[PDB]
>>> print(open('coords-v8.cif').read())   # mmCIF, C-alpha atoms
data_coords
#
loop_
_atom_site.group_PDB
_atom_site.id
_atom_site.type_symbol
_atom_site.label_atom_id
_atom_site.label_comp_id
_atom_site.auth_asym_id
_atom_site.auth_seq_id
_atom_site.Cartn_x
_atom_site.Cartn_y
_atom_site.Cartn_z
ATOM 1 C CA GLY W 421 0.000 0.000 0.000
ATOM 2 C CA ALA W 422 1.234 3.431 -1.085
ATOM 3 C CA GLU W 423 -0.388 6.037 1.154
ATOM 4 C CA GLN W 424 -0.215 9.806 0.939
ATOM 5 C CA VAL W 425 1.285 12.228 3.446
ATOM 6 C CA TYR W 426 0.273 15.784 4.359
ATOM 7 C CA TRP W 427 2.503 18.738 5.221
ATOM 8 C CA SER W 428 1.126 21.378 7.550
ATOM 9 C CA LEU W 429 2.619 24.682 8.581
ATOM 10 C CA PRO W 430 0.093 26.806 10.491
ATOM 11 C CA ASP W 431 2.112 29.905 11.400
ATOM 12 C CA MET W 432 3.536 31.089 8.059
ATOM 13 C CA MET W 433 1.218 30.279 5.153
ATOM 14 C CA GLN W 434 -2.376 31.380 4.940
ATOM 15 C CA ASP W 435 -5.150 28.831 4.943
ATOM 16 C CA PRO W 436 -6.195 27.285 1.620
ATOM 17 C CA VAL W 437 -9.802 27.528 0.520
ATOM 18 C CA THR W 438 -12.487 25.562 2.456
ATOM 19 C CA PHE W 439 -10.306 25.086 5.547
ATOM 20 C CA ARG W 440 -11.213 26.194 9.061
ATOM 21 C CA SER W 441 -8.613 28.094 11.073
ATOM 22 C CA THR W 442 -8.099 25.912 14.148
ATOM 23 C CA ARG W 443 -5.413 24.955 16.653
ATOM 24 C CA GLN W 444 -6.515 21.394 17.341
ATOM 25 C CA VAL W 445 -3.690 19.011 16.464
ATOM 26 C CA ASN W 446 -5.544 16.713 14.075
ATOM 27 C CA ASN W 447 -7.002 19.298 11.696
ATOM 28 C CA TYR W 448 -4.088 21.720 10.819
ATOM 29 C CA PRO W 449 -4.744 23.052 7.262
ATOM 30 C CA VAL W 450 -2.690 21.205 4.658
ATOM 31 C CA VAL W 451 -0.097 23.051 2.579
ATOM 32 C CA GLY W 452 1.045 20.200 0.318
ATOM 33 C CA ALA W 453 0.783 16.498 -0.407
ATOM 34 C CA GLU W 454 3.309 13.847 -1.444
ATOM 35 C CA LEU W 455 3.741 10.076 -1.468
ATOM 36 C CA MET W 456 5.286 7.919 1.259
ATOM 37 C CA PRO W 457 8.915 7.175 0.237
ATOM 38 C CA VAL W 458 8.801 3.359 0.340
ATOM 39 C CA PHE W 459 9.545 1.626 -2.974
ATOM 40 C CA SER W 460 10.074 -1.935 -4.225
ATOM 41 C CA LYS W 461 12.972 -3.729 -5.897
ATOM 42 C CA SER W 462 13.455 -7.072 -7.691
ATOM 43 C CA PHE W 463 16.502 -9.333 -7.488
ATOM 44 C CA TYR W 464 16.201 -12.638 -9.489
ATOM 45 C CA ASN W 465 17.976 -15.340 -7.471
ATOM 46 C CA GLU W 466 17.144 -17.756 -10.379
ATOM 47 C CA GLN W 467 17.913 -20.986 -8.486
ATOM 48 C CA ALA W 468 15.214 -20.907 -5.767
ATOM 49 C CA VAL W 469 15.057 -24.715 -5.353
ATOM 50 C CA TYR W 470 18.688 -25.752 -4.878
ATOM 51 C CA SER W 471 19.024 -22.625 -2.739
ATOM 52 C CA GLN W 472 16.047 -24.007 -0.775
ATOM 53 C CA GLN W 473 17.348 -27.596 -0.772
ATOM 54 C CA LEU W 474 20.695 -26.488 0.663
ATOM 55 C CA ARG W 475 19.390 -23.755 2.996
ATOM 56 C CA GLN W 476 17.629 -26.267 5.252
ATOM 57 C CA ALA W 477 20.796 -28.290 5.780
ATOM 58 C CA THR W 478 23.261 -25.751 7.249
ATOM 59 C CA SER W 479 20.805 -23.357 8.909
ATOM 60 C CA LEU W 480 17.510 -25.091 9.681
ATOM 61 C CA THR W 481 17.043 -28.643 10.940
ATOM 62 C CA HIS W 482 13.235 -28.864 11.006
ATOM 63 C CA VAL W 483 11.918 -25.576 12.424
ATOM 64 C CA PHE W 484 10.323 -24.510 9.216
ATOM 65 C CA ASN W 485 9.213 -27.413 6.963
ATOM 66 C CA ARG W 486 7.934 -29.491 9.871
ATOM 67 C CA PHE W 487 6.290 -32.128 7.627
ATOM 68 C CA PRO W 488 8.892 -32.954 4.953
ATOM 69 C CA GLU W 489 7.129 -36.045 3.584
ATOM 70 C CA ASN W 490 3.506 -35.040 2.934
ATOM 71 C CA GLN W 491 3.093 -33.487 -0.501
ATOM 72 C CA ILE W 492 0.343 -31.032 0.416
ATOM 73 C CA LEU W 493 1.864 -29.922 3.734
ATOM 74 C CA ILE W 494 5.355 -29.473 2.264
ATOM 75 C CA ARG W 495 7.172 -26.121 2.241
ATOM 76 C CA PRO W 496 6.234 -23.923 -0.738
ATOM 77 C CA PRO W 497 8.990 -23.228 -3.263
ATOM 78 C CA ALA W 498 10.480 -19.765 -3.572
ATOM 79 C CA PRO W 499 9.827 -17.713 -6.727
ATOM 80 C CA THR W 500 12.516 -17.095 -9.283
ATOM 81 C CA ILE W 501 12.157 -13.342 -8.617
ATOM 82 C CA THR W 502 12.137 -11.888 -5.113
ATOM 83 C CA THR W 503 11.050 -8.416 -4.072
ATOM 84 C CA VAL W 504 12.153 -6.401 -1.021
ATOM 85 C CA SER W 505 11.038 -2.918 0.019
ATOM 86 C CA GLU W 506 13.494 -0.051 0.423
ATOM 87 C CA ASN W 507 13.607 3.524 1.712
ATOM 88 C CA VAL W 508 14.869 6.455 -0.366
ATOM 89 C CA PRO W 509 15.010 10.208 0.278
ATOM 90 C CA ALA W 510 12.430 12.440 -1.375
ATOM 91 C CA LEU W 511 13.089 15.850 -2.947
ATOM 92 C CA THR W 512 9.904 17.720 -3.798
ATOM 93 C CA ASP W 513 8.772 21.154 -5.020
ATOM 94 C CA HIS W 514 5.247 22.228 -4.069
ATOM 95 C CA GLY W 515 4.777 25.527 -5.896
ATOM 96 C CA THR W 516 3.724 28.894 -4.519
ATOM 97 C CA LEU W 517 1.186 29.797 -1.828
ATOM 98 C CA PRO W 518 0.387 33.150 -0.184
ATOM 99 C CA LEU W 519 1.936 33.851 3.208
ATOM 100 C CA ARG W 520 1.021 36.090 6.121
ATOM 101 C CA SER W 521 2.103 39.662 6.781
ATOM 102 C CA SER W 522 4.018 39.217 10.054
ATOM 103 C CA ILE W 523 5.947 36.046 10.864
ATOM 104 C CA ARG W 524 6.502 35.024 14.482
ATOM 105 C CA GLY W 525 9.902 33.836 15.709
ATOM 106 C CA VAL W 526 8.827 30.286 16.619
ATOM 107 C CA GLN W 527 7.159 28.055 14.047
ATOM 108 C CA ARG W 528 5.300 24.747 13.951
ATOM 109 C CA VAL W 529 5.696 21.959 11.425
ATOM 110 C CA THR W 530 3.606 18.799 11.237
ATOM 111 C CA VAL W 531 3.731 15.688 9.031
ATOM 112 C CA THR W 532 0.584 13.543 9.223
ATOM 113 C CA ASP W 533 -0.927 10.362 7.795
ATOM 114 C CA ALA W 534 -4.067 9.922 5.690
ATOM 115 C CA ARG W 535 -6.088 9.354 8.892
ATOM 116 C CA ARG W 536 -4.587 12.400 10.692
ATOM 117 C CA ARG W 537 -1.982 10.895 12.995
ATOM 118 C CA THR W 538 1.756 11.478 13.178
ATOM 119 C CA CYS W 539 3.947 8.899 11.458
ATOM 120 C CA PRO W 540 6.620 7.777 13.955
ATOM 121 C CA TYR W 541 9.122 6.656 11.295
ATOM 122 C CA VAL W 542 10.165 10.129 10.110
ATOM 123 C CA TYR W 543 13.867 10.677 10.741
ATOM 124 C CA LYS W 544 14.616 13.999 9.020
ATOM 125 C CA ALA W 545 12.420 16.898 7.901
ATOM 126 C CA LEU W 546 13.616 20.104 6.301
ATOM 127 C CA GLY W 547 12.013 23.000 4.437
ATOM 128 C CA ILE W 548 12.999 26.206 2.646
ATOM 129 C CA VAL W 549 10.607 29.085 1.874
ATOM 130 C CA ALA W 550 11.531 31.867 -0.578
ATOM 131 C CA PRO W 551 9.096 34.809 -0.686
ATOM 132 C CA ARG W 552 8.221 36.804 -3.804
ATOM 133 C CA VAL W 553 5.834 39.636 -4.649
ATOM 134 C CA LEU W 554 2.360 39.073 -6.097
ATOM 135 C CA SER W 555 -0.425 41.574 -6.929
ATOM 136 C CA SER W 556 -0.630 44.959 -5.198
ATOM 137 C CA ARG W 557 -3.086 46.367 -2.662
ATOM 138 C CA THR D 49 -4.660 43.029 -11.351
ATOM 139 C CA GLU D 50 -5.928 44.104 -7.928
ATOM 140 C CA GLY D 51 -9.595 43.945 -7.002
ATOM 141 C CA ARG D 52 -10.638 41.305 -9.534
ATOM 142 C CA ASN D 53 -8.758 38.343 -8.082
ATOM 143 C CA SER D 54 -10.758 37.245 -5.041
ATOM 144 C CA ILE D 55 -11.770 33.651 -4.282
ATOM 145 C CA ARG D 56 -14.929 33.520 -2.149
ATOM 146 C CA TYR D 57 -16.111 30.208 -0.810
ATOM 147 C CA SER D 58 -19.480 31.208 0.609
ATOM 148 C CA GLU D 59 -18.905 32.343 4.202
ATOM 149 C CA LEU D 60 -15.169 32.242 4.942
ATOM 150 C CA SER D 61 -12.642 34.978 4.213
ATOM 151 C CA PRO D 62 -11.858 35.711 0.544
ATOM 152 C CA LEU D 63 -8.488 34.481 -0.684
ATOM 153 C CA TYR D 64 -6.424 36.175 -3.388
ATOM 154 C CA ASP D 65 -5.135 34.716 -6.687
ATOM 155 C CA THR D 66 -3.573 31.386 -5.499
ATOM 156 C CA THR D 67 -5.061 28.302 -3.787
ATOM 157 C CA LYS D 68 -4.838 24.514 -4.080
ATOM 158 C CA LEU D 69 -7.551 21.903 -4.630
ATOM 159 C CA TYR D 70 -7.027 18.291 -3.535
ATOM 160 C CA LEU D 71 -8.744 15.419 -5.372
ATOM 161 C CA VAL D 72 -8.111 12.548 -2.957
ATOM 162 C CA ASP D 73 -9.977 9.232 -2.726
ATOM 163 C CA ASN D 74 -9.010 8.081 0.790
ATOM 164 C CA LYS D 75 -11.598 10.130 2.683
ATOM 165 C CA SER D 76 -13.475 8.018 5.209
ATOM 166 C CA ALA D 77 -16.780 9.800 4.530
ATOM 167 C CA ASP D 78 -16.986 9.125 0.785
ATOM 168 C CA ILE D 79 -16.541 5.374 1.283
ATOM 169 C CA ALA D 80 -19.830 4.989 3.155
ATOM 170 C CA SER D 81 -21.928 7.580 1.300
ATOM 171 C CA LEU D 82 -21.028 8.424 -2.309
ATOM 172 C CA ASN D 83 -18.822 5.651 -3.706
ATOM 173 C CA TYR D 84 -20.531 2.297 -3.266
ATOM 174 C CA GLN D 85 -20.616 0.651 -6.720
ATOM 175 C CA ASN D 86 -17.436 1.943 -8.373
ATOM 176 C CA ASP D 87 -13.674 1.523 -8.002
ATOM 177 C CA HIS D 88 -10.451 3.566 -8.052
ATOM 178 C CA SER D 89 -10.621 4.315 -11.793
ATOM 179 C CA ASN D 90 -14.079 5.932 -11.810
ATOM 180 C CA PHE D 91 -14.637 7.295 -8.321
ATOM 181 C CA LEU D 92 -16.498 10.388 -7.075
ATOM 182 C CA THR D 93 -14.987 12.707 -4.479
ATOM 183 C CA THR D 94 -15.392 16.058 -2.734
ATOM 184 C CA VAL D 95 -13.295 19.222 -2.614
ATOM 185 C CA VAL D 96 -14.578 20.931 0.535
ATOM 186 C CA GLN D 97 -12.464 20.171 3.598
ATOM 187 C CA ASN D 98 -14.860 21.598 6.165
ATOM 188 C CA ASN D 99 -16.171 18.462 8.051
ATOM 189 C CA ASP D 100 -19.283 20.299 9.273
ATOM 190 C CA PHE D 101 -21.078 18.782 6.285
ATOM 191 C CA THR D 102 -21.696 15.217 5.222
ATOM 192 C CA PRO D 103 -20.851 14.892 1.494
ATOM 193 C CA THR D 104 -24.510 14.477 0.509
ATOM 194 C CA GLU D 105 -25.221 18.023 1.742
ATOM 195 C CA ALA D 106 -21.812 19.334 0.660
ATOM 196 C CA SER D 107 -22.760 18.872 -3.011
ATOM 197 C CA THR D 108 -24.433 22.290 -2.998
ATOM 198 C CA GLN D 109 -21.752 24.853 -2.076
ATOM 199 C CA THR D 110 -19.939 26.475 -4.993
ATOM 200 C CA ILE D 111 -16.333 27.711 -4.837
ATOM 201 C CA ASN D 112 -17.000 30.554 -7.232
ATOM 202 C CA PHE D 113 -13.855 32.209 -8.516
ATOM 203 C CA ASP D 114 -14.148 35.862 -9.415
ATOM 204 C CA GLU D 115 -15.645 36.862 -12.757
ATOM 205 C CA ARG D 116 -14.232 39.593 -15.089
ATOM 206 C CA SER D 117 -11.053 37.469 -15.288
ATOM 207 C CA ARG D 118 -10.163 34.257 -17.091
ATOM 208 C CA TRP D 119 -8.828 31.650 -14.703
ATOM 209 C CA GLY D 120 -6.950 28.403 -15.210
ATOM 210 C CA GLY D 121 -4.645 26.175 -13.209
ATOM 211 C CA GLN D 122 -2.047 23.522 -13.830
ATOM 212 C CA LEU D 123 -2.491 19.839 -13.066
ATOM 213 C CA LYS D 124 -0.229 17.312 -11.334
ATOM 214 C CA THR D 125 -1.162 13.640 -11.070
ATOM 215 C CA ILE D 126 0.183 10.608 -9.189
ATOM 216 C CA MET D 127 -0.960 7.146 -10.275
ATOM 217 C CA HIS D 128 0.217 3.695 -9.253
ATOM 218 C CA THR D 129 -0.791 0.403 -10.845
ATOM 219 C CA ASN D 130 -0.109 -3.335 -10.653
ATOM 220 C CA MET D 131 -0.980 -5.462 -13.632
ATOM 221 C CA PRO D 132 0.363 -8.951 -14.380
ATOM 222 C CA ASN D 133 2.240 -9.978 -17.489
ATOM 223 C CA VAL D 134 -0.290 -12.485 -18.842
ATOM 224 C CA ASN D 135 -3.933 -11.572 -18.290
ATOM 225 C CA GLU D 136 -7.353 -11.691 -19.902
ATOM 226 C CA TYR D 137 -8.084 -7.953 -20.035
ATOM 227 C CA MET D 138 -5.442 -7.089 -22.649
ATOM 228 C CA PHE D 139 -5.772 -10.225 -24.848
ATOM 229 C CA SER D 140 -2.499 -11.816 -23.798
ATOM 230 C CA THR Q 49 -22.854 55.491 6.672
ATOM 231 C CA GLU Q 50 -21.711 52.797 4.239
ATOM 232 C CA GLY Q 51 -18.157 51.496 4.208
ATOM 233 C CA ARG Q 52 -17.244 52.440 7.778
ATOM 234 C CA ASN Q 53 -19.535 50.033 9.611
ATOM 235 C CA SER Q 54 -17.882 46.622 9.330
ATOM 236 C CA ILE Q 55 -17.332 44.222 12.239
ATOM 237 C CA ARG Q 56 -14.361 41.920 11.595
ATOM 238 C CA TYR Q 57 -13.649 39.114 13.999
ATOM 239 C CA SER Q 58 -10.294 37.930 12.693
ATOM 240 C CA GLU Q 59 -10.984 35.317 10.004
ATOM 241 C CA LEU Q 60 -14.749 35.033 9.500
ATOM 242 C CA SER Q 61 -16.899 37.188 7.235
ATOM 243 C CA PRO Q 62 -17.344 40.857 8.210
ATOM 244 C CA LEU Q 63 -20.738 41.770 9.632
ATOM 245 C CA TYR Q 64 -22.412 45.159 9.226
ATOM 246 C CA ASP Q 65 -23.628 47.572 11.941
ATOM 247 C CA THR Q 66 -25.629 45.198 14.245
ATOM 248 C CA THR Q 67 -24.613 42.129 16.296
ATOM 249 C CA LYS Q 68 -25.236 40.715 19.775
ATOM 250 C CA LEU Q 69 -22.800 39.728 22.526
ATOM 251 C CA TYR Q 70 -23.796 37.194 25.192
ATOM 252 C CA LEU Q 71 -22.289 37.343 28.696
ATOM 253 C CA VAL Q 72 -23.401 33.983 30.094
ATOM 254 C CA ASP Q 73 -21.937 32.082 33.056
ATOM 255 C CA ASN Q 74 -23.263 28.556 32.401
ATOM 256 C CA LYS Q 75 -20.599 27.510 29.895
ATOM 257 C CA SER Q 76 -19.146 24.112 30.740
ATOM 258 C CA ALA Q 77 -15.624 25.146 29.696
ATOM 259 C CA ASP Q 78 -15.240 28.140 32.023
ATOM 260 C CA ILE Q 79 -16.132 26.065 35.090
ATOM 261 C CA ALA Q 80 -13.043 23.865 34.799
ATOM 262 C CA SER Q 81 -10.547 26.439 33.493
ATOM 263 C CA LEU Q 82 -11.100 30.117 34.335
ATOM 264 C CA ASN Q 83 -13.501 30.358 37.281
ATOM 265 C CA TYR Q 84 -12.209 28.272 40.170
ATOM 266 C CA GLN Q 85 -12.072 30.585 43.215
ATOM 267 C CA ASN Q 86 -14.968 32.985 42.610
ATOM 268 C CA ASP Q 87 -18.771 32.888 42.556
ATOM 269 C CA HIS Q 88 -21.734 34.208 40.547
ATOM 270 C CA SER Q 89 -21.227 37.842 41.606
ATOM 271 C CA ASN Q 90 -17.618 38.198 40.416
ATOM 272 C CA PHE Q 91 -17.150 35.653 37.650
ATOM 273 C CA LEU Q 92 -15.046 35.730 34.465
ATOM 274 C CA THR Q 93 -16.463 34.638 31.118
ATOM 275 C CA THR Q 94 -15.807 34.549 27.376
ATOM 276 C CA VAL Q 95 -17.542 36.097 24.372
ATOM 277 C CA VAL Q 96 -16.294 33.929 21.504
ATOM 278 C CA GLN Q 97 -18.683 31.107 20.632
ATOM 279 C CA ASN Q 98 -16.325 29.204 18.357
ATOM 280 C CA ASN Q 99 -15.503 25.979 20.364
ATOM 281 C CA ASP Q 100 -12.296 25.373 18.389
ATOM 282 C CA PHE Q 101 -10.481 27.141 21.223
ATOM 283 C CA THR Q 102 -10.194 26.416 24.912
ATOM 284 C CA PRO Q 103 -10.814 29.668 26.847
ATOM 285 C CA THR Q 104 -7.165 29.948 27.916
ATOM 286 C CA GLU Q 105 -6.149 30.367 24.256
ATOM 287 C CA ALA Q 106 -9.309 32.295 23.357
ATOM 288 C CA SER Q 107 -8.171 35.236 25.510
ATOM 289 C CA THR Q 108 -6.131 36.573 22.588
ATOM 290 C CA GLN Q 109 -8.566 37.205 19.709
ATOM 291 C CA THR Q 110 -9.985 40.721 19.482
ATOM 292 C CA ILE Q 111 -13.433 41.539 18.070
ATOM 293 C CA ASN Q 112 -12.290 44.865 16.689
ATOM 294 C CA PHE Q 113 -15.137 47.096 15.596
ATOM 295 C CA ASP Q 114 -14.378 49.500 12.788
ATOM 296 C CA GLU Q 115 -12.555 52.746 13.531
ATOM 297 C CA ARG Q 116 -13.492 56.196 12.081
ATOM 298 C CA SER Q 117 -16.866 55.774 13.839
ATOM 299 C CA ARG Q 118 -17.984 56.029 17.451
ATOM 300 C CA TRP Q 119 -19.761 52.891 18.579
ATOM 301 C CA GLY Q 120 -21.950 52.093 21.561
ATOM 302 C CA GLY Q 121 -24.620 49.575 22.465
ATOM 303 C CA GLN Q 122 -27.450 49.225 24.923
ATOM 304 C CA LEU Q 123 -27.471 46.844 27.869
ATOM 305 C CA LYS Q 124 -30.114 44.428 29.163
ATOM 306 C CA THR Q 125 -29.616 42.442 32.363
ATOM 307 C CA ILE Q 126 -31.415 39.562 34.098
ATOM 308 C CA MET Q 127 -30.593 38.845 37.742
ATOM 309 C CA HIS Q 128 -32.215 36.520 40.255
ATOM 310 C CA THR Q 129 -31.474 36.343 43.970
ATOM 311 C CA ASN Q 130 -32.580 34.571 47.150
ATOM 312 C CA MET Q 131 -31.750 36.159 50.458
ATOM 313 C CA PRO Q 132 -33.419 35.406 53.803
ATOM 314 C CA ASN Q 133 -35.182 37.911 56.007
ATOM 315 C CA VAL Q 134 -32.861 37.703 59.022
ATOM 316 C CA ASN Q 135 -29.185 37.217 58.208
ATOM 317 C CA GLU Q 136 -25.697 38.212 59.283
ATOM 318 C CA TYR Q 137 -24.548 39.927 56.081
ATOM 319 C CA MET Q 138 -26.893 42.926 56.330
ATOM 320 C CA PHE Q 139 -26.765 43.432 60.139
ATOM 321 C CA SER Q 140 -30.258 42.152 60.845
#
>>> encode(input="coords-v8.cif", output="structure tokens")
Amino acid sequence: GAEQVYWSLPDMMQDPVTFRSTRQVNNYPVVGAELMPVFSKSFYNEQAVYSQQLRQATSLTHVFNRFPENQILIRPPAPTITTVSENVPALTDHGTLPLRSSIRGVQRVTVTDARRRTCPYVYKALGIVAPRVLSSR
Amino acid sequence: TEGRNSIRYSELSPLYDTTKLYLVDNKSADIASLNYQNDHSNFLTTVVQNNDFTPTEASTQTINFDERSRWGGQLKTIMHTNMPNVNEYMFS
Amino acid sequence: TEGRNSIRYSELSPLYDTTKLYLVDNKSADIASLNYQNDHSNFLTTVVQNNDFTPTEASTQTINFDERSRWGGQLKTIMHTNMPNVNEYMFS
């Protein structure tokens, strides 16, 4: 499952349309969306039966494959391609949004899930904002 | 450029000349109410993020952008699929 | 008279030249937070009716009426008391 992730920043940017200005933790108007940085990768061992015949001789007496004589209850063979997940860094650009007039010294950041709860597996977060001029007043 | 670039929802504050609009499908309210017969390729979703309104009664508000100006906004998509090699759908 | 009669809260829509402000004491949030030592004759209450804010963090928003106009509004009170005939408080 590839789930989305929401960036929130409720002291610098203004609120997007149809969002209520609140300070409850699990609402926090969203400033951008991404994808969770967990990919997949294939490896092609290509043997998968000799490498299963020999693996349960030097590493595994009978802990898996408890019934090594019944044909239905035997251990399933491994595929000729194997797939393992991996974690990569993510570099993203979210475009422009209008920001407030006066910016306080301390700032909040928040990175949530699709069901509005903080993901505990985030190790590094980092942002850069570069203001420009839009229409006059 | 000033004056004619407001974005009124109906009752909140008016924005000015940049917002974002999220077309997600993982809302927990649309699963029980709107989308019941269809799948991820032909779904039906909401734009208002207000949660004072069930999506049957949120199909009435209009996010009317300002007139006397031509609008238009760019599009970014993210799709993710998983089809087998040999299957019946693509005559293989 | 037009123009200079708006009533901005901070982020809602601006009203025009008539509202009402309720000074009640029977809110269930003020009992646990603000009023803890005092009674019905000297209490301390809120005006914002938003309930996205606990009243410790709702003591910051300002309902600023429009300047370049002198404002002023009438007052209506309702009080209800129960004192005995003979008591110690009034030297009887």
>>> resolve_selection(input="coords-v8.cif", expression="the PyMOL selection byres ((chain Q) within 7 of (chain D))", output="PyMOL selection string")
chain Q and resi 59-61
>>> resolve_selection(input="coords-v8.cif", expression="the PyMOL selection byres ((chain Q) within 12 of (chain W))", output="ChimeraX atom specification")
/Q:58-60,98-102,105-106
>>> atom_distance(input="coords-v8.cif", atom1="atom CA of residue W:527", atom2="atom CA of residue W:431")
6.0 Å
>>> atom_distance(input="coords-v8.cif", atom1="atom CA of residue W:531", atom2="atom CA of residue W:448")
10.0 Å
>>> resolve_selection(input="coords-v8.cif", expression="the PyMOL selection byres ((chain Q and resi 110-115) around 6)", output="ChimeraX atom specification")
/Q:54-55,57,109,116-117
>>> atom_distance(input="coords-v8.cif", atom1="atom CA of residue Q:125", atom2="atom CA of residue Q:83")
20.7 Å
>>> build_atoms(input="coords-v8.cif", residues="stretch 53-69 of chain D", atoms="N, CA, C and O atoms", output="mmCIF file, in the frame of the given file")
data_model
loop_
_atom_site.group_PDB
_atom_site.id
_atom_site.type_symbol
_atom_site.label_atom_id
_atom_site.label_comp_id
_atom_site.auth_asym_id
_atom_site.auth_seq_id
_atom_site.Cartn_x
_atom_site.Cartn_y
_atom_site.Cartn_z
ATOM 1 N N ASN D 53 -9.453 39.613 -8.235
ATOM 2 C CA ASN D 53 -8.758 38.343 -8.082
ATOM 3 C C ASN D 53 -9.112 37.658 -6.772
ATOM 4 O O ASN D 53 -8.271 36.975 -6.182
ATOM 5 N N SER D 54 -10.336 37.832 -6.299
ATOM 6 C CA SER D 54 -10.758 37.245 -5.041
ATOM 7 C C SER D 54 -11.345 35.860 -5.266
ATOM 8 O O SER D 54 -11.859 35.552 -6.339
ATOM 9 N N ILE D 55 -11.248 35.015 -4.243
ATOM 10 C CA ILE D 55 -11.770 33.651 -4.282
ATOM 11 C C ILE D 55 -12.656 33.481 -3.055
ATOM 12 O O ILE D 55 -12.158 33.256 -1.949
ATOM 13 N N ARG D 56 -13.966 33.601 -3.239
ATOM 14 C CA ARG D 56 -14.929 33.520 -2.149
ATOM 15 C C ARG D 56 -15.458 32.100 -2.073
ATOM 16 O O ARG D 56 -15.830 31.527 -3.098
ATOM 17 N N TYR D 57 -15.495 31.524 -0.874
ATOM 18 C CA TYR D 57 -16.111 30.208 -0.810
ATOM 19 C C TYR D 57 -17.625 30.323 -0.707
ATOM 20 O O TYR D 57 -18.320 30.155 -1.714
ATOM 21 N N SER D 58 -18.163 30.602 0.479
ATOM 22 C CA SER D 58 -19.480 31.208 0.609
ATOM 23 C C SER D 58 -19.496 32.108 1.837
ATOM 24 O O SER D 58 -20.069 33.202 1.812
ATOM 25 N N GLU D 59 -18.843 31.656 2.919
ATOM 26 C CA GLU D 59 -18.905 32.343 4.202
ATOM 27 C C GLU D 59 -17.564 32.522 4.900
ATOM 28 O O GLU D 59 -17.526 33.149 5.963
ATOM 29 N N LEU D 60 -16.475 31.994 4.359
ATOM 30 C CA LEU D 60 -15.169 32.242 4.942
ATOM 31 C C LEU D 60 -14.587 33.536 4.376
ATOM 32 O O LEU D 60 -15.236 34.267 3.625
ATOM 33 N N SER D 61 -13.339 33.820 4.741
ATOM 34 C CA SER D 61 -12.642 34.978 4.213
ATOM 35 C C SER D 61 -12.320 34.773 2.733
ATOM 36 O O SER D 61 -12.142 33.640 2.280
ATOM 37 N N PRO D 62 -12.260 35.852 1.949
ATOM 38 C CA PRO D 62 -11.858 35.711 0.544
ATOM 39 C C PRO D 62 -10.345 35.605 0.413
ATOM 40 O O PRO D 62 -9.596 36.372 1.022
ATOM 41 N N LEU D 63 -9.900 34.637 -0.378
ATOM 42 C CA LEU D 63 -8.488 34.481 -0.684
ATOM 43 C C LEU D 63 -8.113 35.438 -1.806
ATOM 44 O O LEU D 63 -8.933 36.221 -2.286
ATOM 45 N N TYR D 64 -6.860 35.377 -2.250
ATOM 46 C CA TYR D 64 -6.424 36.175 -3.388
ATOM 47 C C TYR D 64 -5.446 35.376 -4.233
ATOM 48 O O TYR D 64 -4.416 34.921 -3.732
ATOM 49 N N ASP D 65 -5.873 35.103 -5.468
ATOM 50 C CA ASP D 65 -5.135 34.716 -6.687
ATOM 51 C C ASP D 65 -4.111 33.580 -6.539
ATOM 52 O O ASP D 65 -3.220 33.480 -7.389
ATOM 53 N N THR D 66 -4.229 32.702 -5.529
ATOM 54 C CA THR D 66 -3.573 31.386 -5.499
ATOM 55 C C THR D 66 -4.160 30.498 -4.408
ATOM 56 O O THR D 66 -4.123 30.871 -3.234
ATOM 57 N N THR D 67 -4.679 29.323 -4.762
ATOM 58 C CA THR D 67 -5.061 28.302 -3.787
ATOM 59 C C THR D 67 -4.556 26.947 -4.273
ATOM 60 O O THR D 67 -3.753 26.859 -5.203
ATOM 61 N N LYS D 68 -5.029 25.884 -3.627
ATOM 62 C CA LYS D 68 -4.838 24.514 -4.080
ATOM 63 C C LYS D 68 -6.118 23.727 -3.848
ATOM 64 O O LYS D 68 -6.883 24.022 -2.929
ATOM 65 N N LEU D 69 -6.341 22.714 -4.681
ATOM 66 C CA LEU D 69 -7.551 21.903 -4.630
ATOM 67 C C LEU D 69 -7.143 20.440 -4.689
ATOM 68 O O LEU D 69 -6.506 20.021 -5.656
#
